[PDB]
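These are the residues of each chain, in order.
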2 protein chains.
Amino acid sequence: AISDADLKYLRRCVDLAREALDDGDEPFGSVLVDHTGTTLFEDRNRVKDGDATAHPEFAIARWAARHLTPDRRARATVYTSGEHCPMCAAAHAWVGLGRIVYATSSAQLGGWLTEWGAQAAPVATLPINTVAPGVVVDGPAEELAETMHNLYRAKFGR
Amino acid sequence: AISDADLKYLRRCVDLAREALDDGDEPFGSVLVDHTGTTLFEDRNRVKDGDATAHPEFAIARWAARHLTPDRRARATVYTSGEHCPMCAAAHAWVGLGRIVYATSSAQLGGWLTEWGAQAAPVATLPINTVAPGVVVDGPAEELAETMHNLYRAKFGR
Ligand SMILES: O=c1nc[nH]c(=O)[nH]1
Ligand SMILES: O=c1nc[nH]c(=O)[nH]1
Ligand SMILES: [Zn+2]
Ligand SMILES: [Zn+2]
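- For this coordinate set, the PDB header names X-ray crystallography as the determination method and states a resolution of 1.960 Å.

Following this line, the structure appears as structure tokens:
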């Protein structure tokens, strides 16, 4: 399901999540990749300037809306370190992007938060296909479960 | 309870939706109201230029994160002609806005779209509280339902 190439991109997402963490933001990174394997756009979380909606997948949906034809959007892939929240999953579906691949699920992150005693997000951790039934979704990647546990702990578990 | 003040704001939302319809956009309008009864920001749907995520409730959330302190956001009210889609409900809860009042439910709109044989949105019509469990939500308003049915019919009927 997750190819070797798919892993390479998820690892790039983990590196963008790390840049975010190192810069004071939350550890989420995301990459948009055309059908050919060329990276079109990369972004990471930027909520530290006060806007909690500054999620990378959202910015990818809007970048694609402005710069890609619908046909090209349907055949592009979004890679993300963490599974799209409902905001990001709906935006993705609204603009007509294609396959999503995630390293860790929002269910896992949900679970990990409570284990540390951290406050739950005000947004439910709904799987992507509850929000967006038509989207092709792959993940998680078992290889990245430990790394993402560590990253998420660095930010949310003290 | 939807009060008489609330209904006045919903009627302004219906007017903004009609402005969207006359401009060639989809009929959605929303208003952000301070706890003092002051209108702070007003917007409507702007998707015709090709960005399908140009929902007014989402513009409200970003304007609020930019312009209001967290505490002022929590005490302000968002009025909307149509119930927040999952993208907009999530954004609202991320930035920590308060009460939502809507004139017509996304369930009502979904049923109407099915009657017209209109193609269903790529985003599921989840109730606000499925996405954002902590938000106080009121509506629909029985008195504006037929009015919004007519505006929807103008855009989506066939
Ligand atoms: O930047 C983000 N991307 C997905 N979910 C979340 O809470 N934050
Ligand atoms: O502008 C919008 N607001 C709510 N739902 C929708 O499809 N569009
Ligand atoms: Zn998100
Ligand atoms: Zn919306």
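**A few points about the side chain of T53 of chain B**
At step 1: For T53 of chain B, the location among the structural elements is in the loop between β2 (39-44) and α2 (56-67).
At step 2: In this structure the side chain of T53 of chain B is engaged in a polar contact, spanning 2.9 Å, whose partner is the side chain of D51 of chain B.
At step 3: Ignoring any residue separated from it by four or fewer positions in sequence, one finds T53 of chain B in contact with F58, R62, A91, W94 and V95 of chain A together with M87 of chain B.

**Here's the deal with the packing of α2 of chain B against helix α4 (residues 86-95) of chain B**
All names here are of chain B.
At step 1: α4 packs onto α2 with a crossing angle of 15° between their chain directions and a minimal axis gap of 8 Å. By the angle between their directions, the pair α2 and α4 is classed as roughly parallel. Crossing angle aside, the handedness with which α2 passes α4 is left-handed. The segment α2 lies against α4, with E57, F58, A61 and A65 engaging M87, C88, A91, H92 and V95.
At step 2: Among the residues making up the contact of α2 with α4, the classes are represented as seven nonpolar, one polar and one charged.

**Let's talk about the coordination of the zinc ion (ligand 3)**
All names here are of chain A.
At step 1: For the zinc ion (ligand 3), the full set of protein donor atoms is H55 (ND1), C85 (SG) and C88 (SG), and the range of their distances to it is 2.1 to 2.3 Å.
At step 2: Mapping the donors of the zinc ion (ligand 3) onto the primary sequence gives the spacing H-x29-C-x2-C. Of this pair, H55 sits in the loop between β2 (39-44) and α2 (56-67) while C88 sits in helix α4 (residues 86-95), and the two are 33 residues apart along the sequence.
At step 3: According to the relative accessible area criterion, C88 is buried, its value standing at 0%.

**Some points on the environment of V101 of chain A**
All names here are of chain A.
At step 1: Tracing the chain through its elements places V101 in strand β4 (residues 100-104).
At step 2: Sequence spacing of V101 and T80 is 21 residues, and the spatial spacing of their C-alpha atoms is 6.3 Å.
At step 3: When sequence neighbours within four positions are dropped, the list of residues in contact with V101 reads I2, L10, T77, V78, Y79, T80 and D138.

**A word on the interface of chain A and chain B**
At step 1: Taken together, the contact between chain A and chain B spans 26 residues of the former and 27 residues of the latter.
At step 2: For the pair chain A and chain B, the summed buried surface comes to about 2,200 Å²; carbon and sulfur atoms form 69% of the total.
At step 3: By the criterion of area lost to chain B, the three top residues of chain A are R62, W94 and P122 of chain A, representing 29% of everything that side buries.
At step 4: Across the chain A-chain B interface, the total number found is two salt bridges.
At step 5: The salt bridge involving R62 of chain A is made with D51 of chain B; its shortest N-O contact spans 3.5 Å.
At step 6: Secondary-structure elements contributing two or more residues to the side of chain A that touches chain B are α2, α4 and α6 (128-131) of chain A.
At step 7: At seven residues, the largest contribution of residues to the side of chain A that touches chain B is made by α4 of chain A.

**A word on the site of ligand 2**
At step 1: As a structural note, the neighbourhood of ligand 2 is formed by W94 of chain A together with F28, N45, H55, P56, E57 and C85 of chain B.
At step 2: Near ligand 2, the surrounding residues belong to chains A and B.
At step 3: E57 of chain B has a polar side-chain atom sitting 3.0 Å from a nitrogen atom of ligand 2.
At step 4: Burial of ligand 2 by the protein amounts to 91% of the accessible area it has alone, namely 240 Å².

**Considering the site of ligand 1**
At step 1: The immediate surroundings of ligand 1 are formed by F28, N45, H55, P56, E57 and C85 of chain A together with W94 of chain B.
At step 2: Of the chains in the model, those with residues near ligand 1 are chains A and B.
At step 3: Contact between ligand 1 and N45 of chain A: an oxygen atom at 2.9 Å from a side-chain N or O atom of the residue.
At step 4: A distance of 3.4 Å separates a nitrogen atom of ligand 1 from a polar side-chain atom of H55 of chain A.
At step 5: A class-by-class count of the residues in the shell around ligand 1 yields four nonpolar, two polar and one charged.

**Some remarks on helix α7 (residues 145-156) of chain A**
All names here are of chain A.
At step 1: If you check α7, its first and last C-alpha atoms are 16 Å apart, about what 12 residues at 1.5 Å a residue would give, namely 16 Å.
At step 2: The inward-facing, buried residues of α7 abut α1 (4-22), β3 (77-82), β4 and α5 (106-115).
At step 3: Just past α7, the residue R158 takes up positive phi, approximately 70°.

**Describing the UniProt feature "domain: CMP/dCMP-type deaminase" (unreviewed entry) in chain A**
At step 1: As annotated by UniProt and renumbered to match this structure, "domain: CMP/dCMP-type deaminase" (unreviewed entry) occupies residues 4-113 of chain A.
At step 2: When the span residues 4-113 of chain A is considered, its composition is 49% helix and 20% strand, and the gap between its end C-alpha atoms is 29 Å.

**A word on the sheet that holds β2 of chain A**
Paired through their backbone hydrogen bonds, the strands of a sheet run either parallel or antiparallel.
Residue and element names in this part refer to chain A.
At step 1: Strands sit in the order β2-β1-β3-β4-β5 across an open sheet of five strands; the sheet is mixed. A single partner strand is all that each edge strand has here, and the edge strands are β2 and β5 (137-138).
At step 2: When β4 meets β5, the two strands line up parallel, connected through two bridges. Bridging from a neighbouring strand, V101 pairs with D138 of β5.

**Comments concerning the side chain of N45 of chain A**
All names here are of chain A.
At step 1: You can see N45 is positioned in the loop between β2 and α2.
At step 2: A relative accessible area of 2% places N45 in the buried class.
At step 3: Once you skip the residues sitting within four places of it in the chain, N45 turns out to touch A20, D25, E26, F28, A54, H55 and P56.

The rules behind the values
Residues numbered from 1 in each chain as written, not as in the entry; some residues may be left out. Chains lettered and ligands numbered in written order. Heavy atoms only, no water. Residues with missing side-chain atoms left out of burial classes, pairs and counts. Helix = DSSP H or I, 4+ residues; strand = E, 2+ residues; numbered from the N terminus. Polar contact = N/O pair within 3.5 Å; in protein donor to acceptor, adjacent residues only side chain to side chain. Contact = heavy atoms within 4.5 Å. Axes fitted to C-alpha atoms, helices over the stretch in contact; angles between N-to-C directions. Parallel < 35°, antiparallel > 145°, perpendicular 65-115°, else oblique. Left-handed = near helix turned anticlockwise from the far one by under 90°. Nonpolar A, V, L, I, M, F, W, Y, C, P; charged D, E, K, R; others polar. Donors = N, O, S within 2.8 Å, 3.2 Å for Na, K, Ca; no water. Buried < 20%, exposed > 50% of the residue type's maximum accessible area, 1.4 Å probe, protein only. Buried area = accessible area lost by both parts, 1.4 Å probe. Salt bridge = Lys/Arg side-chain N within 4 Å of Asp/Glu carboxyl O. Near = heavy atom within 4 Å. Areas by Shrake-Rupley, 256 points an atom, 1.4 Å probe, with all protein chains shown as cover. Expected span 1.5 Å × (residues − 1). UniProt positions renumbered as here; feature names shortened; annotations may be inferred. Pairing = 2+ DSSP bridges.

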